[PDB]
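The structure under discussion appears below in the form of structure tokens.
Keep in mind that the numbers below use all heavy atoms, side chains included, and drop hydrogens, waters and symmetry copies. Chain letters run A, B, ... following the sequence lines, proteins first, then strands; residues in each count from 1.
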Number of protein chains: 6
Amino acid sequence: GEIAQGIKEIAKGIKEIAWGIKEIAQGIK
Amino acid sequence: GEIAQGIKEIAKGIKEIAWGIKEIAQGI
Amino acid sequence: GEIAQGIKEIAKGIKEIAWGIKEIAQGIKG
Amino acid sequence: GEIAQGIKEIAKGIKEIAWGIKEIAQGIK
Amino acid sequence: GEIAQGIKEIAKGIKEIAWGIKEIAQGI
Amino acid sequence: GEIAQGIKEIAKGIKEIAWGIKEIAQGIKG
């Protein structure tokens with residue numbers, strides 16, 4: 001499904017955002 | 001299903017983003 | 001439902017992100 | 001609906017995140 | 001419906017967040 | 001669908017946010 005695909009792509013991007021935010025948080029410390 | 005799984009994975013990632021944002025806010 | 005629960009947990013996390021971003025924005029004012 | 005309510009609350013929080021990010025972006029300049 | 005409207009408003013807010021993040025990245 | 005379109009536009013914006021966050025993270029390395 002187009003919706004199923006979109007949700008999968010959002011999940012992937014959110015995982016990448018979570019990683020980058022942790023990098024920023026550690027990089028500020 | 002696949003949608004239920006995707007929503008669960010998004011919820012998990014958003015919880016992790018919320019924690020990291022709090023760490024940035026405290027770190028600043 | 002599992003979807004209903006997931007959406008509720010996303011709403012909760014988004015509220016927490018919104019709070020932290022506001023704290024950062026104010027904290028950059030010093 | 002619980003889903004309808006959740007989506008409304010997410011939309012509200014995303015609007016607030018958009019505002020705060022713009023504040024940070026301007027505050028960095 | 002209400003869900004379709006909410007998803008449209010989320011899409012709009014995410015576009016605005018994407019622009020602001022790019023401004024921060026360029027500003028840094 | 002309107003929902004299908006909205007989800008696609010969210011996916012696109014989230015990919016762009018992910019890119020910008022990576023740029024910030026690397027840019028904080030200098």
Side-chain angles (χ1 to χ4, degrees), chain A residues 7 9-11 13-14 16-29, chain B residues 5-7 9-11 13-14 16-21 23-25 27-28, chain C residues 6-7 10-11 13-30, chain D residues 6-7 9-11 13-14 16-29, chain E residues 6 9-11 13-14 16-21 23-25 27-28, chain F residues 10-11 13-30:
Chain A
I7 291 176
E9 291 182 32
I10 293 164
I14 287 291
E16 286 177 31
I17 295 166
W19 176 87
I21 287 298
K22 277 169 172 198
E23 289 293 306
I24 293 168
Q26 189 188 4
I28 285 172
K29 298 176 187 309
Chain B
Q5 188 50 43
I7 293 300
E9 291 181 31
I10 294 164
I14 287 291
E16 288 197 30
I17 296 165
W19 179 85
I21 288 298
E23 286 298 317
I24 293 168
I28 291 179
Chain C
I7 292 300
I10 293 164
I14 286 292
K15 265 167 251 150
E16 288 179 37
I17 295 165
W19 179 259
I21 289 297
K22 286 195 59 154
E23 285 210 309
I24 292 168
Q26 194 273 340
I28 286 172
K29 314 306 187 184
Chain D
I7 291 176
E9 291 182 32
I10 293 164
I14 287 291
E16 286 177 31
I17 295 166
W19 176 87
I21 287 298
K22 277 169 172 198
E23 289 293 306
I24 293 168
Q26 189 188 4
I28 285 172
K29 298 176 187 309
Chain E
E9 291 181 31
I10 294 164
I14 287 291
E16 288 197 30
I17 296 165
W19 179 85
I21 288 298
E23 286 298 317
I24 293 168
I28 291 179
Chain F
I10 293 164
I14 286 292
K15 265 167 251 150
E16 288 179 37
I17 295 165
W19 179 259
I21 289 297
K22 286 195 59 154
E23 285 210 309
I24 292 168
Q26 194 273 340
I28 286 172
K29 314 306 187 184

So which atom in [X] and which in [Y] form the shortest heavy-atom distance, rounded to 0.1 Å?
X	Y	result
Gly27(D)	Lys29(C)	CA-NZ, 4.5 Å
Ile17(A)	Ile21(F)	O-CG2, 4.1 Å
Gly13(D)	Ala18(C)	O-CB, 3.9 Å
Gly6(B)	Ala11(A)	O-CB, 4.1 Å
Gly20(A)	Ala25(F)	O-CB, 4.1 Å

If you measure from [atom1] on [X] to [atom2] on [Y], what distance do you get to the nearest 0.5 Å?
X	Y	atom1	atom2	answer
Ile14(A)	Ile7(A)	CD1	CD1	12.5 Å
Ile10(C)	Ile10(E)	CD1	CD1	9.0 Å
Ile28(F)	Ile28(A)	CD1	CD1	5.0 Å
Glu9(B)	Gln5(B)	CD	CD	4.5 Å
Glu23(E)	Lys29(D)	CD	NZ	4.5 Å

- Query: So do the side chains of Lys22(F) and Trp19(A) get within less than 4.5 Å of each other, counting heavy atoms only?
  - Reply: yes
